[PDB]
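**Student:** sharing an experimental structure here, sequence included.
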Amino acid sequence: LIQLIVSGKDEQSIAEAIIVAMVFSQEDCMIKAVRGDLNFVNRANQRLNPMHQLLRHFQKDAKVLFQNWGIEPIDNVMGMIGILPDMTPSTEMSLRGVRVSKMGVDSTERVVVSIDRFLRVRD
Amino acid sequence: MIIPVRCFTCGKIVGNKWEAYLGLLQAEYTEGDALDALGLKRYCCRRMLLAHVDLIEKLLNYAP
Amino acid sequence: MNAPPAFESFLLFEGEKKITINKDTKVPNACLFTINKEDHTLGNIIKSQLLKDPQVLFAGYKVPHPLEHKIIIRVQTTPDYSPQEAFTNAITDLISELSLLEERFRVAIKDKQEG
Amino acid sequence: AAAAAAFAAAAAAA
Amino acid sequence: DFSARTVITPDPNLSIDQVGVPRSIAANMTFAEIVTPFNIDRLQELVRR
Amino acid sequence: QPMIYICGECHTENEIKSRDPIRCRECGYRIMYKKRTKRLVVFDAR
Amino acid sequence: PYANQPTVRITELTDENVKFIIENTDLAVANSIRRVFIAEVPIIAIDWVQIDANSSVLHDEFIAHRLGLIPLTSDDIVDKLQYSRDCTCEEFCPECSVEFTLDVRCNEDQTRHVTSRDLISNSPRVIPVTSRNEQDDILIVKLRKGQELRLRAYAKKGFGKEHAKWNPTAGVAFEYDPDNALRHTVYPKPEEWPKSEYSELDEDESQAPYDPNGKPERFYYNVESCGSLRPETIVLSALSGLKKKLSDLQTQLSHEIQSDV
Amino acid sequence: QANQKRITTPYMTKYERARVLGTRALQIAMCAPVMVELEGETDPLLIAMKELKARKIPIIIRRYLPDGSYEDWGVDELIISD
RNA sequence: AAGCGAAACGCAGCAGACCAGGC
Ligand SMILES: [Mg+2]
Ligand SMILES: [Zn+2]
Ligand SMILES: [Zn+2]
Ligand SMILES: [Zn+2]
């Protein structure tokens, strides 16, 4: 994860968005953060989607992931506030590549596109 | 009040040299020859053995 | 009352980065490497190894304050080269030199013990 | 600027 | 109030306009800073600290 | 209440209680010293 | 634009000191190696004491601080032990520490010399230098009839930057250019100065001629060990330590180059 | 006093500058409106200082004379030296 | 995507002498 700027409405929402972003990153520090009883095969032994299992596990408990993700210094920038593993915002420290914006972030729009013979969609 | 363990300057052990140093002086040795026999070549360790005062020996004259 | 812990010179505090790279805007192809929890032991060897690279125009190190345990290394190179690349090669070169010095020391020790 | 999130399959953290 | 005193020491690594203040004196003395949307964040974190 | 104090010369752990005169029951000395605590007192060799 | 090809020539090797010479290397590498010998070579030493009883004339901090300065044999154990900061145990486990014990009481009328011999360790590999099978035993404290000293110490792995007790050297005689050819020094009266043991000049001469194309080479060394680590183990552990520091720095560097984008 | 003929110096004194920056900094600290741009300025001192360099401070200095009269000189009418 | 037993609770000072010492 190079950078992430969240603009959640609530602290709980901020935590949920960060967890989703960390899981989507697939960073090794998050895979190693998996702890306790997590199964990637159901009772029928079918193979579940690992991303969904990780997302569910980390949404159930994110304390370990936040603790092991890592911390970095914050470059003072107007409107950007860091966030710490204990969820309390900070101005000097923050999670690695994580920022919180209080002014909002911009929005859905459909764009016409051209598709060639080999199904390669281009703008 | 008791001989230090290491030399403050270099770090050479001197705590095991005090009793031996006194043991040489009573044997009619000169302070310089005694310090040479103990292997103290640098003037920093020689400073440690030649300028020390065993005050603990006087503190033990008082009942505990 | 204020004696700073001794381990504070070498252990990295929680969330503090070991090295930060800042591009110098005064002249082109220059950078500042701010390394935390280090001293003249690495700054001098890296400086000297950088001076030997002819593609390096400037190589110096400084300690902003002796009480602090950080160090700043400035590196300026030619346009065809890069300061990060010079700092990387300089570390690789020092590693090879120490590896070689270690093997030749083990050999010298063996030759001296066997006589 | 309240907005939806399309498909979703997640619960709340603790 | 809001004063201090201790022994001085040389420090060539400081500018002429700088003074090296220990962490103890700096921790006991304080400055009443007014709250604004520009510093509400920093001051908040410092209060919770 | 149970104070196993020490005497200056006689060094006896006489159980001197409160509301009493400090006096060694074995030799009569008037000066008493307390015994080392039982708490775990550690020390970093630095 | 590359490294050098240094050589080594050992002129004296004993159990107390080692005298060697490094050629074809930069002054920075030679000085950093000298600094590592004193400050970045791991060694085992006492760093935790629990005084259970001390009736001696020396207070507790005086005894604890003394005990820390006692050298402990750490030739092959220091590479296996770990630092308490990285160890995933608590208290003082056998993988990150070595337990010591002392129980002495002066029952006789003669003064009892509490020495390092009385320090009983759980590991036979880590023991006081003087206790290793001449040299006398280190003196901790003298006791009078009726006095007692009983404690339970723990040794840890550390280096010189944390405390001088973790310094395995008793002097590092670093020298280069015995004959002042590079003129790094300027003797106002060169005839009044003595000749170094590594000098190669006639007594009629005071210093070698100036060499403009000269560079610092042929660095001389004399690593006198305290006794804990053999004189050669200090040098090997030093070069390995400095190479590890550079390897870790290169790792953090690559992590910062990659983190850029 | 007749504002058409003000005899005081046209430059702002070091004391007038000190008190102007101080009072304006206090105002900004009390969430008062800012007149100039604030690209990366939050500390009220740096804001008041940029406002002085920009000459956009809404303050009038009432210079009292010994006779009892006074001359009201605005921060925009005075020439800043330092 | 997944899925099982299908009430009530952060103190406090003498003061005033005199002596020694600090840059
Ligand atoms: Mg003075
Ligand atoms: Zn010495
Ligand atoms: Zn008695
Ligand atoms: Zn351990």
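**Tutor:** All right, it came through fine. Residues are numbered from 1 along each chain as shown, chains lettered A, B, ... in the order given. Ligands and ions are numbered 1, 2, ... in the order given.
**Student:** wait, isn't residue G:239 in contact with residue C:97?
**Tutor:** No - shown here, residue G:239 and residue C:97 do not form a contact pair, counting by Cβ atoms under 8 Å, at 9.9 Å. C-beta: built from backbone N, CA, C; applies to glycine.
**Student:** burial of the residue in chain B that ligand 4 sits nearest to, as a residue count?
**Tutor:** At 26.4 Å from ligand 4, residue B:5 is the closest residue in chain B, using Cβ to the ion. Around residue B:5 there are 22 other residues, counting by other Cβ atoms under 10 Å in any protein chain shown.
**Student:** which residues are in contact with it?
**Tutor:** B:13-15, G:66, G:69-70, G:138 (Cβ atoms under 8 Å, 6 or more residues apart in numbering or on different chains).
**Student:** all helices of chain B, in order?
**Tutor:** For chain B, the helices defined by DSSP state H occupy B:18-25, B:31-37, B:43-50, B:56-59.
**Student:** sorry, back to before: what is the nearest of the contacts of residue B:5 to chain E?
**Tutor:** Closest approach between the contacts of residue B:5 and chain E, by Cβ to the nearest Cβ: residue G:69, at 28.6 Å.
**Student:** how close does the nearest residue to that closest one once chain neighbours are set aside get to residue B:16?
**Tutor:** Nearest non-adjacent residue to residue G:69, counting by Cβ to Cβ, 6 or more residues apart in numbering or on different chains: residue B:5, 3.7 Å away. Look at residue B:5 and residue B:16: by Cβ to Cβ, to the nearest Å, they are 9 Å apart.
**Student:** and what of residue G:98?
**Tutor:** Taken as Cβ to Cβ, the span from residue G:98 to residue B:16 is 21 Å.
**Student:** compare the two and say which one has the larger neighbour count.
**Tutor:** Applying other Cβ under 10 Å to residue G:98 and residue B:16 shows that residue G:98 carries more neighbours, namely 24 against 20.
**Student:** which bits of chain F sit near chain C?
**Tutor:** Contact residues (Cβ under 8 Å from any Cβ of the partner chain) of chain F with chain C: residue F:46.
**Student:** and the residue of chain F that's closest to chain H?
**Tutor:** Residue nearest to chain H within chain F: residue F:46 (41.5 Å; Cβ to the nearest Cβ).
**Student:** that residue belongs to a strand, doesn't it?
**Tutor:** No - judged by DSSP: H, G, I helix; E, B strand; the rest coil, residue F:46 forms no part of a strand; its state is coil.
**Student:** shouldn't it be in contact with residue C:3?
**Tutor:** No - between residue F:46 and residue C:3 there is no contact under Cβ under 8 Å: 10.0 Å.
**Student:** between those two, tell me which one has more neighbours.
**Tutor:** Per other Cβ under 10 Å, whichever of residue F:46 and residue C:3 has more neighbours is residue F:46, with 14 against 5.
**Student:** can you count the residues close to the residue nearest to that one when sequence neighbours are not counted?
**Tutor:** With Cβ to Cβ, 6+ apart as the criterion, residue F:46 has its nearest non-adjacent residue at 5.2 Å, and that residue is residue G:163. Residue G:163 has 18 neighbouring residues, counting by other Cβ under 10 Å.
**Student:** for residue F:16, give me its contacts.
**Tutor:** For residue F:16, the contact set (Cβ under 8 Å, 6+ apart) comprises F:3, F:5, F:22, F:32.
**Student:** how about stretch A:78-89: buried residues?
**Tutor:** Neighbour counts over stretch A:78-89 (16 or more other Cβ atoms under 10 Å in any protein chain shown) mark A:80-85, A:89 as buried.
**Student:** for the closest residue to residue G:103 other than its chain neighbours, helix, strand, or coil?
**Tutor:** Nearest non-adjacent residue to residue G:103, counting by Cβ to Cβ, 6+ apart: residue G:150, 4.9 Å away. Assigned with three-state DSSP, residue G:150 falls in the strand class.
**Student:** now do the strands in chain A.
**Tutor:** Secondary structure of chain A (DSSP state E): strands at A:4-6, A:71-73, A:80-83, A:89-90, A:93-95, A:98-101, A:114-115, A:121-122.
**Student:** among these, which is nearest chain C?
**Tutor:** If you check each of those against chain C by Cβ to the nearest Cβ, strand A:71-73 wins as the nearest, at 3.0 Å.
**Student:** longest strand in chain G, by number of residues?
**Tutor:** Chain G, longest strand under DSSP E: strand G:43-54.
**Student:** does that strand come close to chain B?
**Tutor:** No - shown here: strand G:43-54 not in contact with chain B (Cβ under 8 Å from any Cβ), separated by at least 11.0 Å.
**Student:** then the next helix or strand after that strand to PDB, C-alphas only?
**Tutor:** Downstream of strand G:43-54, the first helix or strand assigned by DSSP states H and E is helix G:60-68. Provided in PDB are the C-alpha atoms of helix G:60-68 (Å, rounded to 0.1, in the frame of the first residue of the first chain):
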ATOM      1  CA  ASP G  60      23.700  -2.200  47.200                       C
ATOM      2  CA  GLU G  61      24.300   0.100  44.100                       C
ATOM      3  CA  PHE G  62      28.000  -0.200  44.800                       C
ATOM      4  CA  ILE G  63      27.900  -4.000  44.700                       C
ATOM      5  CA  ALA G  64      25.600  -4.100  41.700                       C
ATOM      6  CA  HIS G  65      27.700  -1.700  39.700                       C
ATOM      7  CA  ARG G  66      30.800  -3.700  40.700                       C
ATOM      8  CA  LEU G  67      29.300  -7.000  39.500                       C
ATOM      9  CA  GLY G  68      28.400  -5.500  36.100                       C
END
